[PDB]
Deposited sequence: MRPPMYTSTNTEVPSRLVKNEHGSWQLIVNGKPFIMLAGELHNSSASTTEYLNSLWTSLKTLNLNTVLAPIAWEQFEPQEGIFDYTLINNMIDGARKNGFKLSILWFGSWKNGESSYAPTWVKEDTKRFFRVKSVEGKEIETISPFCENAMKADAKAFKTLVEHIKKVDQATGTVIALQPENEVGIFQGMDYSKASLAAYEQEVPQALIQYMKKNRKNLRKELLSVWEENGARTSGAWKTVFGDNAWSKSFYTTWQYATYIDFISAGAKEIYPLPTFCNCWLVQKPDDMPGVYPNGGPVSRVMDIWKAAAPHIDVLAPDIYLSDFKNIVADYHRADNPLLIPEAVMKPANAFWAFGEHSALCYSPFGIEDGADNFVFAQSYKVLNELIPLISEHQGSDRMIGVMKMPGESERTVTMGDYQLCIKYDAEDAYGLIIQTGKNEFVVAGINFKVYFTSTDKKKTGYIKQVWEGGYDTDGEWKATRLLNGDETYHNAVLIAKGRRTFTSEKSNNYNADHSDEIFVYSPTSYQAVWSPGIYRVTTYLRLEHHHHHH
């Protein structure tokens, strides 16, 4: 396969694409932007102006299998063609059974057969425009379509590897405490799957407090029905609903994994505010609260991926990033700081603003992606090490101090919009990227005096070779008292090589 997840020596998961470490400097199209060849093809030049290396774009079941057993390859073919012609990799979003909780992208022939493909019912007993995750017929039909899609991708792309990941479904779940379908009501009475129980036993001290605290308040049982093991409440309802979604979607993924295994992720509509109960967000989706349930149920899903539109960026990405869950953000705001934070602080695989085609001639964002592209080798090499950090000022913060081997770095912000990353490349050498901040280097050991030795500004050329544009000194470094990450001027992030010394 031309795309694979591989753990490095620091325990960090890396994307390896066509034999090399690859980070998705990505963007996701608006939902309807890949619905015709002509509309998509109008976008490619726009996208290139932003220095993307990867485009996230949907394939809709309703278009792909417009009558049962009849498959239309037009949109996937043109999508791969245009990606190749314009220098992009693709992550394919499968808008099948569910997108933002609902079934609006299911085929006309699925929608119209509510007997074969039964719907979620509300507490009021109303069938909604959502296929129930307890419907096995729907599971099989989606799975067959998805597999056919992936089979096709292998048949047209197994050598080039334009397609480097897959997202089955999109932000699944129900805006309800539970599905009131008869099948759902019967499932709630069943025994808790052993696979869940054993997962909880084996990984107890690393479990989500939201799961552990509910398990333990019911006596941490190793058998029983859902209401026995987890009590009769909103959480028990959320847990078995989540188990169902992860299980349905795991089967869908399994079918693809058997014929052409690519990195696979499912994305979640986040718990928007901290008191929100399941169903105010999509109940069943892979929010961090239920991460353990998804891991237990869905081993053919590699990553649980947050869609982040909220301002509390650093806390959110820290919440989703775990040893068993690399950070992968398929939908976000068009804010360069976020990118630098995700890649530098958390070794992310992907950063991707949503509706990216809208953001053409966001010059600063484009130049940010240019600089990140220059740094992909260096970032890759340091994923998971304590020698790489991000930099991102949040309102009300003024400085960040960190230890890097022999040195203490004091990062002070010169403007509200201040961001970058810092890599220690040698005992007395650092690469600093970004804008609107300063770095003071001092000695960890107080018997010694540490100082900047020399500073160069520059970039990496197309061969990956460092080229200095200036040796910064005098005013430009306050006579080596400080690194000023002023940025590249046309202002956008710069790259600075700093040597230090101890006397």
Seminar exercise, completed: Comparing deposited sequence to modelled residues, the uncovered ranges are 1 to 12, 503 to 530, 544 to 551
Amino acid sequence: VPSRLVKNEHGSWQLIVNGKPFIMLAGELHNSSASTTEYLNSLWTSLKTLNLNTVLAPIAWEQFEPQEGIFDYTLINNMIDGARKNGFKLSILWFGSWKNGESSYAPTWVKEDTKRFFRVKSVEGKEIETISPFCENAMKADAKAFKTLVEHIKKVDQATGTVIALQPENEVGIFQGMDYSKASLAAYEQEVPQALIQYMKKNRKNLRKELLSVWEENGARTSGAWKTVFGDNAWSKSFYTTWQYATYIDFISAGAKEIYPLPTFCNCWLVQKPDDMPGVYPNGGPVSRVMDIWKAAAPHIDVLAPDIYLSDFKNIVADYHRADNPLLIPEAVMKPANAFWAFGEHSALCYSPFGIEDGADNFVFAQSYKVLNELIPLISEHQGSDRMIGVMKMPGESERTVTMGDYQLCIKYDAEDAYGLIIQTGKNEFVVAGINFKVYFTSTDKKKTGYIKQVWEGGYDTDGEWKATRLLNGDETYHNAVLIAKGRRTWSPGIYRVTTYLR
From here on, numbers count along this sequence of modelled residues.
For this session: Look up the CA B-factors in the entry and say which stretch, 258 to 266 or 190 to 198, has the higher mean.
Result: 190 to 198
Exercise. Should the higher mean CA B-factor in the entry be assigned to 205 to 213 or to 386 to 394?
Worked result: 205 to 213
Seminar exercise, completed: Entry record, C-alpha B-factors for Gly405, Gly82, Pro326, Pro330; the maximum is at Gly405
Exercise. Between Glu416, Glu374, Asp307, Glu169, where does the Cα B-factor run highest in the record?
Worked result: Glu416
For this session: Comparing against every modelled residue in the chain, figure out the third that the C-alpha B-factor of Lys427 lands in (lowest, middle or highest).
Result: highest
Problem set entry | Lowest, middle or highest third - CA B-factor, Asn480 | lowest
For this session: Divide the modelled residues of the chain into thirds by Cα B-factor and specify which third, lowest, middle or highest, holds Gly434.
Result: middle
Seminar exercise, completed: Binned into thirds over the chain's modelled residues, the C-alpha B-factor of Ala183 lands in the highest
Exercise. Comparing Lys99 with the other modelled residues of its chain, is its CA B-factor in the lowest, middle or highest third?
Worked result: lowest
